[PDB]
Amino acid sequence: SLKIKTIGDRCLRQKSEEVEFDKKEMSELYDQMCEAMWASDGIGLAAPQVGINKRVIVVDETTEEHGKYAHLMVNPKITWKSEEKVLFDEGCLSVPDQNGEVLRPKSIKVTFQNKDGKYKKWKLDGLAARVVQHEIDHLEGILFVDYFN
């Protein structure tokens, strides 16, 4: 099963590579990433956090109505960010026992390939916009603690 790597591991600082979508590969990776995310009470996860330096993220959207669900986003790319920013207190599964208030755009538009390999573009706000930005930072070798200096 996947093990979440923590600060000190160079895999967290190596940028991740664009993916040629392979439906069976991604289905298995999705299953394992979701398992690792939920097992540690996370609400998003990026492939480099489990030692796989490929541009793949999962984003939780669990609800009372539908139960556990997560989005797969393959090659997520931000095409637009709101001018308005918001402060939010973040923690990271790759950075034990640290937290802090991070300023990021409130809303974004993001393209990606989904679980079925379909090309999507979504406008996101609130927590979803927040999670996606945190996860794309991982794909660029950025940890949220880098924003404090």
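Numbers follow the displayed sequence, beginning with 1.
Higher mean CA B-factor, judged across 61-69 and 48-56 from the recorded values: 61-69. Higher average CA B factor: 9-17, of the stretches 128-136 and 9-17. Sort the chain's modelled residues by C-alpha temperature factor and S94 lands in the lowest third, per the entry. When the modelled residues of the chain are ordered by their C-alpha B factor, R104 lands in the lowest third. Among all modelled residues in this chain, the alpha-carbon of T111 has a temperature factor (C-alpha) in the lowest third.
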